[PDB]
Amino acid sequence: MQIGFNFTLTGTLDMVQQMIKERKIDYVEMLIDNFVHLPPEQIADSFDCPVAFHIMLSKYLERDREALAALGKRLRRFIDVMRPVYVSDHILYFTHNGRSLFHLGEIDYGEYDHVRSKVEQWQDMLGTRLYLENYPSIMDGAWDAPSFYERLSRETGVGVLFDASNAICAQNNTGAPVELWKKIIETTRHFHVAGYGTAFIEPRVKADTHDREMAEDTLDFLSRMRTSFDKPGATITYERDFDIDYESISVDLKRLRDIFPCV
């Protein structure tokens, strides 16, 4: 199991290169569509390790074909220059009737035909195999999502970028057990994990804040299914987007290394 960290803001560069030097992470996962006006070589040179791509705002389920295609062609040159270990994106509801959501929506998993056609078009554009992330469900779509992603993957050839903490938000929020994801967990070699928070007015509802250390139920998940997660060529990206404190990240990185020892 390789351990990664997510690079989303240029001000974290020095801290990420330090994590690489000290061998606390083995690769960097970039939120790559934040950087498609950089020279791609310059990012390749800033990390002395393999890189992976995470795409956040393609909005490939709703975006017009012309602007989608241009972004794809630009990402395609980034893939050529950097050879990312994988390329990944989301299944997110961004806009209702022309109005942007600020807290993004879980997709109605009944709408399989629509997602499938859009996913195929976007994977085509990118020219490589695509990994799609699971949503940190609040509402009961959580129970629908495992088989939806399993079917989506077998019909289109996409992969799942299994986000362990999102699945545990889903479990805490909706009851849907993380064991539903067993089959996906044993297939994909690529994972994500992070700390999560709570709704301000209701601590029982979990929110994917990526702002703190991993919870105990999240660590028990990884630890009790460590054989199902770990695999030839398996990777797990730790994600911290807020309270990006070096020391708080270093313990969570070490916690992952304890759960997945090097040999």
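All residue numbers are counted from 1 along the displayed sequence.
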When the entry's CA B-factors for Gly98, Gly157, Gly141, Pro136 are compared, the highest one belongs to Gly98
Tertile call for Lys59 (CA temperature factor, within chain, third-based) is the lowest
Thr237: C-alpha B-factor third of its chain, per the entry, is the lowest
The third of the chain into which the C-alpha temperature factor of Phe53 falls is the lowest
The third of the chain into which the C-alpha temperature factor of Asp33 falls is the lowest
